[PDB]
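So this first bit is one chain, no partners, the form deposited in one PDB entry, shown in structure tokens.
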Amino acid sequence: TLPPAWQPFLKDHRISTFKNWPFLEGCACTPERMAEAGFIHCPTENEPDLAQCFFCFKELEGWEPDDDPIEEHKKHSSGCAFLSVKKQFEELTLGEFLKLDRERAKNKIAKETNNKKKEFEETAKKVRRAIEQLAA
């Protein structure tokens, strides 16, 4: 029994988020493997095999059966500190756990800063196009 904010640190919570995940028995990227690797399932109508690292917030889609979630995570987000954690959840100390949650909080904020940047640039493109068109 942990608060909602912290559940994603629990493997079994992460596994539970996989609802209608297509890759099951026989595949390398099963819910169990995705979850061990830190991923949560975050599907859209648009992008339905979308998954996200709960810790560094990197999102990945286009999953294929033979994809090893751990190697995919290393490839696309080499610096994610969850990948460094070798001890089991319950073997962590509260100090270690609190250190991790702080790094996660920083990761969230960095990601939101990076999204707001991308949104601002997209709006700036449209504005630029609109002005060019009215100049022409």
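C-alpha atoms forming the largest set that superposes within 1.5 Å between two forms make up the rigid core. Residue indices: 1-based, along the sequence shown.
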{"query": "Stretch with the greater mean C-alpha B-factor as recorded in the entry, comparing 49 to 57 against 84 to 92", "finding": "84 to 92"}
{"query": "Given 39 to 47 and 94 to 102, the range whose Cα B-factors average higher in the PDB entry", "finding": "39 to 47"}
{"query": "Where the record places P31 (Cα B-factor, split into thirds across the chain)", "finding": "lowest"}
{"query": "Chain-relative CA temperature factor third for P69", "finding": "lowest"}
{"query": "Chain-relative CA temperature factor third for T17", "finding": "lowest"}
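Below, we refer to the form deposited in another entry, which is not included among the displayed structures.
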{"property": "Core-aligned CA displacement of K116 at least 2 Å between the shown form and the other one", "result": "no"}
{"property": "Per-residue C-alpha change between the shown form and the other one, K19, threshold 2 Å, rigid core fit", "result": "no"}
